[PDB]
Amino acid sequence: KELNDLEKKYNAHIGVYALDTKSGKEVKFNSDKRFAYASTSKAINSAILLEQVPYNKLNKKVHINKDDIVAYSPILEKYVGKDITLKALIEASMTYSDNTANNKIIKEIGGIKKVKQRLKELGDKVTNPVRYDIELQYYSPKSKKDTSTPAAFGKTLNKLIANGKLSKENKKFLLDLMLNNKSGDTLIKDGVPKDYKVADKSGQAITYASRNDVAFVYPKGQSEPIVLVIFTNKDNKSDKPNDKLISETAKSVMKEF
């Protein structure tokens, strides 16, 4: 199909960047337009921490209190006044999309300031982390805050996870979480061949029907993944998105590989 066609069909904007890490073949559609990344940034935050904490040390604990709790913290709100391991912070952020775990994880890394720096180090001069959850969820087409382009996020995900400095165990750890994440089944996992394995982290901002999905897709037969970044939005602030849009964009894009 055509993505321009999928744009008209859904009356939505599509941004796509896909890189088959075996061949280095890229597919691009509005890959340089900025979209609110929202909760897909949880996968970047998690990987940055995993670069600095060995797998055997993930049992290390951090204290959680009332001032840490932010909205929509399905797991972490039960830890008020208690301690939690870095392993469970990552599992909560990635699987349940827990905002507090993520914020805690950003704090452990050193804060936005330190996240922003590691990005520049990877050569990503586009991804712009500014606010914490959930204020990062309030998207405005007029602001660059908490946005990235599909080409930039995509490349950052490849140098961090697919071909970065993560160990075998931490990398398996991060990826299993993304393979068993039941929250992304209506997205990229919905539009790719059943033969393929999809390890994703979805996202959805509060405004402009901003719905995203970033995944590592493993074609039956290939062990190297295809990094796939699908960002979408609409023209009105209160527009609701339709998940079938990411599903169908994934279907078409996989036809290039």
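Numbers for residues come from their place in the sequence shown, where the first is 1.
Entry-level comparison of average CA B-factors, 166 to 174 and 133 to 141, reporting the higher stretch: Taking the mean C-alpha B-factor of 166 to 174 and of 133 to 141, the larger value falls to 133 to 141.
Between the two ranges 8 to 16 and 233 to 241, the one averaging a larger CA B factor in the entry: Looking at the record's C-alpha B-factors, the answer is 233 to 241.
Selection from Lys28, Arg34, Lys42, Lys60 [criterion: highest C-alpha temperature factor in the record]: Answer, based on the entry's C-alpha B-factors: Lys60.
Third assignment of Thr100 from its chain's C-alpha B-factors: Lowest third of the chain for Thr100's C-alpha B-factor.
For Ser183, the third of its chain into which the C-alpha B factor falls: It belongs to the highest third of the chain when residues are ordered by C-alpha B-factor.
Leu49 by Cα B-factor - lowest, middle or highest third of the modelled chain: According to the entry, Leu49 has a C-alpha B-factor in the chain's lowest third.
Third assignment of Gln117 from its chain's C-alpha B-factors: Its C-alpha B-factor, which the entry lists for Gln117, ranks in the highest third among residues of this chain.
Chain thirds of CA B-factor: placement of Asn56: Its C-alpha B-factor belongs to the highest third of this chain's values.
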